């Protein structure tokens, strides 16, 4: 045989070299069952004679995979082939790669187009090899190559159809795309970005220093008036906030339903769904940046609507094709009176929206004094309390929509009740921010991995989590995120209008099913409760004293005369509760009353759309949806843990291709390898609660958390939504994946 | 027999006390055949028991209609009943009707609703003693049943389930808010309105001096720019312009096709296909400000578009879910270069609009040495010309659409050569104006009733048709509209600034069929050609000397100079044809020169199907579409002459609940009556190119022109779509009804 190298010649195929390519990259791996012999003996056979080495390395980045069927020491062996292919077409450095891209003249016509900024470009004409002598190109291969089958895919920007970028330049332009002239607090962003401590979210790695920078993550767009005029100033807005990306979560509680009297020529406005299709034809045209991610829009209604029955069974597939709008995601905002209508059992009004002005408004004790008189007069129709509930949950049993939410609690314990009550959330059910005709509150997010602060204690034997590092790293981020609300070139004026005001933010985690299964504390017992409070109680102390120091100097977040932070109050204290105590809470409360804070809303964790992915950690604060991912992926903490006690050779390989992540039924697993790796289908959702009431108290904003089932009944939904409000959950139901 | 009265007393229908209210109402129409003895019985028989004489007319008044089974005197008889029956619940008074709609305490929430502006209302109070004192209530009983049944339907202002204005009240309420304060020009209107001389625009019936006096029917809403910036504009520009009513013929000749290079996002937009349906859910939804009459626009386009195939058959049902639009009229704007390139045969480039745009702004000979500039280098692709021409005559073979209106003909010969290149015709193909970024040129429709002039010529045996007074009738209307152009209310910046400017206006004709079949004249011969010429030599001259003298008093229009009119030129002299001679074109020509004209455009003969029926005439310059209609109807002049040479019966009548209003076969039918009562599917399609040219030389704008033929084989739509351009017709096609 002959091989065609990087030029166009012919290699007599060797066997000590194709795995001197390998037995010298079979490294640090504990190879008790892993060898370079068992490898090229299933590749050489399927090698073409009309396909280049890159196109040969194609099969390998796919072939080294066929071997994780026994031990997790083949992924970084199929990762050392893929990321190695991009080390080819464009040489190693961060300068040249980021060089002939700025001077970029196209094939079609002939005009130089600056792909990249003048910003993250003119802090490198003088500082270039402090950024190539502190950049170790080994950390091009500590990324799990699915995070790189996201990086090649598109994340590493391209030229003439060439992924000229490696991962080590997928981490550094985000250092002086944020900090820049302060190059000093800039590399400290990269430092931990190529170590997996935390990776920045979906959009913060998109355009981090190109010509006209938009870097805010989740928009809370506002509608500006019911009728012909003030609806053309939101039709274009979410559209504009979908040409330059950005998921949205719109609010409507005062637009005239299919019954309301007309303010002109007379007739009737056709209601709520001849709306979710014009906007849907907009929710279905502007592919967020022409052919990128298409546009996704959350929407927020309430049961008191005359067309609350037009809006719930929406994401359903049947029921014609004109009143069903399939891509404008619905979300709840339920009045907590409709709820204390459901359990006692009674009745519930559904006004025709010109029938109640500032009913698009009332909250808590003021909604139980602005609805008590709106029915002793009958300004709509009052339908049952457990029958709309039977169309709320049935919208959820074909589809999943909507997402159960309460209106009072999003301003009760939430930090906004001063500039205007919080009307809208975002695309993802956690950002609790106020929106108006002039005010549009934006958000910037990132994902902090928790399998990145775990270390071996000082007698081998035992190991408690490392609290300092999830804190001394989370200080870097509140200085990473005080340069992102900043350099944001906003597409119009709205996005700008109310992001330079409050400057709100959302911080979370990525690798909870990496940490428990890692810290040798099972996913469901006591050692689980005594670890999740002190992972966020530290974050609410790791991102609020580095915002507490950011008011001595620059000047506070413009509106502070009234916000809880300066009256002996924070968040968890609004939660009828106290703190843990290890962190300095008798002095940090104090730390903000004389000087202040630069941030407003902070703690808001995320499931990470296109982000935990990359880091090779399990998404957000969730375990395993399934242990066999796709194709195939063997759950690794269930392959590092089932090849030693006498339980690996072949057989159980069928124990999961149909069993649906079911190590609940397995033989040679006694009782300490069944509980910790409980698949989400067979773990109880009653007790994902008692620790989320211990992980929602220190949350300025809100949080998005799924509800799971294996055999669906709506009384399980009268004992799963029914267990997320008496405690007082920040969201009743995110999504729902049935069976 | 019982028929409880409209009030409360117990009345009986007899044999000559409920037909004597009808034998006293038996004036002006023949009694030879019509006897008030043949029928009452058969309705009195159909009379059941359980309804007041408020509703004793429902069948009774509808029945004399079913009696046009003999003569056209049961028709204008059927109404004489019902008019005497709306005359019931109503309190006629012109100052108790206008003292119940002004002070109109809407017990629907609290707020009254205006139906008149704060000008026209007060024009009634001090006038009532000579404005409740010239209203003859014989002419209330002189309108045809179907002219009424369109008014009682939706036109008239209806209050609490009770209609407001009787005909004359409206015919005069269209006189106190046009001319505003001129009352001796308020009588001037009503007379000739109530004297069968003419009828105003579409909206001058719906909104004459009303809350928002919107009096313009035809719109020309233009596409602004090539991204969200200028697209969500024409969107808000076809929305307020349509909240308060008015169809559109949008031109879209500067937006990039399927596959081009976007404004600055870096990718590809799908083109004109997932584009026209963002607009759709505004056409369908907003039924002219909700539940009135929704939107369907005439989308004008030019052939060089790379989306002119994903378009022309848009109105075909049988194909797919999204691609077609079944409720938005497609339209064309063909260059003088397309029609010269399907004769000898070759090819044509369909360009992309960031490659070869601006031909949308070229014409005539700005095309023939400027299109041969984009093609002879190859700036698109060169696809065949006997295939697109086929998918037009496929859309015309199925749908009917599109409407053919040429461009490099609607640009080279008019009276506005000082504002720009004409890019679009309206919804109706009868307006030729300048529409640009915010220069939305407008038009209020109108159409002169031609018949009533036929006088008791000076013996009673040989009649006359009049141009003498038709002239001066085509004079007082061009006053009416200059008072209408003005007392308006426009919804955006666009629709205004190009209306006080050019001041273009829309006049037409209706009842053209009534006249021929009347005057011993058919629709074809020399007894018919030379006629449709001196009728429009007395209208165009008048309307354009009912504004030549409003350049003395009111003043000329800002951009009149440069226009042919200021140069010893007009229309029939731009069509390069000899003057007729009966009218003054050496002095009117010598008095526009020195003085000017207030209006640029007067001529624009719409389909007049927004006006024709309320009177009784036919849908503009077209003849009859079936000598038998629906509620069946049989040609009345046909039905009158049936008792002359004695062929009126029932055995050759069951020959017209049959033949579909066609007359070509019967053994015995006289020569000039064979000739007299022909259908529309039965005459040739050659000479409608000679007389339309004998009716477009005295016509400045375009005219809406359908084409009817039973057979659509393409080796026939050949030297039958050509002649309508080699001579030089404007709108070279409007509608292709096969059927």
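Using ideal geometry, Cβ is built from the backbone for each residue, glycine included, and neighbour counts are taken over all protein chains shown. Taken together, the values in this text are just the output of simple stated rules run on the coordinates, not laboratory data.
Out of the residues in region B:137-151 meeting the condition of being assigned to a loop (DSSP other than H, G, I, E, B) and touching a helix residue (DSSP H, G or I) at 6+ places or on another chain (Cβ under 8 Å), tell me which one is nearest to the other protein chains (Cβ to nearest Cβ). The extreme case among them is B:150. All conditions but one from (1) out of contact with any helix residue (DSSP H, G or I) (no Cβ under 6 Å at 6 or more places or on another chain); (2) more than 7 Å from chain B (Cβ to nearest Cβ) apply to residue A:270; the one that does not is (2).
The sole residue among A:475, A:461 that is outside any loop (DSSP other than H, G, I, E, B) and surrounded by fewer than 19 Cβ atoms within 10 Å (Cβ to Cβ) is A:475. Screening the candidates B:86, B:101 for the property of being within 14 Å of another protein chain (Cβ to nearest Cβ) and surrounded by 15 or more Cβ atoms within 10 Å (Cβ to Cβ) yields one hit, B:101.
Applying the condition of being within 14 Å of chain A (Cβ to nearest Cβ) and outside any helix (DSSP H, G or I) to region B:215-230 and asking which residue is surrounded by the fewest Cβ atoms within 10 Å (Cβ to Cβ) yields B:225.
Here residue A:634 clears all of (1) within 23 Å of residue A:529 (Cβ to Cβ); (2) buried (at least 18 other Cβ atoms within 10 Å of the Cβ) except the condition numbered (1). For region B:422-441, the tally of residues that are surrounded by fewer than 24 Cβ atoms within 10 Å (Cβ to Cβ) and touching a helix residue (DSSP H, G or I) at 6+ places or on another chain (Cβ under 6 Å) stands at 1. Yes or no: residue B:212 under 26 Å from residue A:270 (Cβ atoms) and either more than 24 Å from the chain's Cα centre (by Cα) or more than 13 Å from chain A (Cβ to nearest Cβ) (or both)? So residue B:212 fails the test. One residue stands out among those in region B:281-319 that are closer than 25 Å to residue A:290 by Cα and within 14 Å of chain A (Cβ to nearest Cβ): the one that is surrounded by the fewest Cβ atoms within 10 Å (Cβ to Cβ), which is B:281. If the condition is being surrounded by fewer than 13 Cβ atoms within 10 Å (Cβ to Cβ), touching a strand residue (DSSP E or B) at 6+ places or on another chain (Cβ under 6 Å) and outside any loop (DSSP other than H, G, I, E, B), then region B:340-392 contributes only B:382. Applying the condition of being over 22 Å from residue B:219 (Cα atoms) and assigned to a loop (DSSP other than H, G, I, E, B) to region B:490-518 and asking which residue is nearest to the chain's Cα centre (by Cα) yields B:511.
Being in a loop (DSSP other than H, G, I, E, B) and at the interface with chain B (Cβ under 8 Å from one of its Cβ atoms) is a description that applies to residue A:278. Within this structure, residue A:133 fails the test of being surrounded by fewer than 19 Cβ atoms within 10 Å (Cβ to Cβ) and either outside any loop (DSSP other than H, G, I, E, B) or in contact with a helix residue (DSSP H, G or I) (Cβ under 6 Å, 6 or more places away or on another chain) (or both).
Scoring residue A:206 on the criteria (1) more than 14 Å from every other protein chain (Cβ to nearest Cβ); (2) within 22 Å of residue A:144 (Cα to Cα); (3) assigned to a loop (DSSP other than H, G, I, E, B) leaves a single failure, condition (1). For region A:187-203, a residue qualifies if it is in a loop (DSSP other than H, G, I, E, B) and closer than 18 Å to residue A:98 by Cβ, and exactly one does: A:194.
Quick one: in region A:572-606, of everything that is within 18 Å of residue A:415 (Cα to Cα) and touching a helix residue (DSSP H, G or I) at 6+ places or on another chain (Cβ under 7 Å), which residue is surrounded by the fewest Cβ atoms within 10 Å (Cβ to Cβ)? For region A:572-606, the residue satisfying everything is A:593. Kindly check whether there is at least one residue in region A:244-254 that is more than 9 Å from chain B (Cβ to nearest Cβ), farther than 29 Å from residue A:393 by Cβ, touching a helix residue (DSSP H, G or I) at 6+ places or on another chain (Cβ under 7 Å) and in a loop (DSSP other than H, G, I, E, B). Yes, some residue in region A:244-254 is more than 9 Å from chain B (Cβ to nearest Cβ), farther than 29 Å from residue A:393 by Cβ, touching a helix residue (DSSP H, G or I) at 6+ places or on another chain (Cβ under 7 Å) and in a loop (DSSP other than H, G, I, E, B). Checking residue A:407 against (1) buried (at least 22 other Cβ atoms within 10 Å of the Cβ); (2) touching a strand residue (DSSP E or B) at 6+ places or on another chain (Cβ under 9 Å); (3) under 29 Å from residue A:282 (Cα atoms): exactly one of these is not met. Which one? Failed condition: (2).
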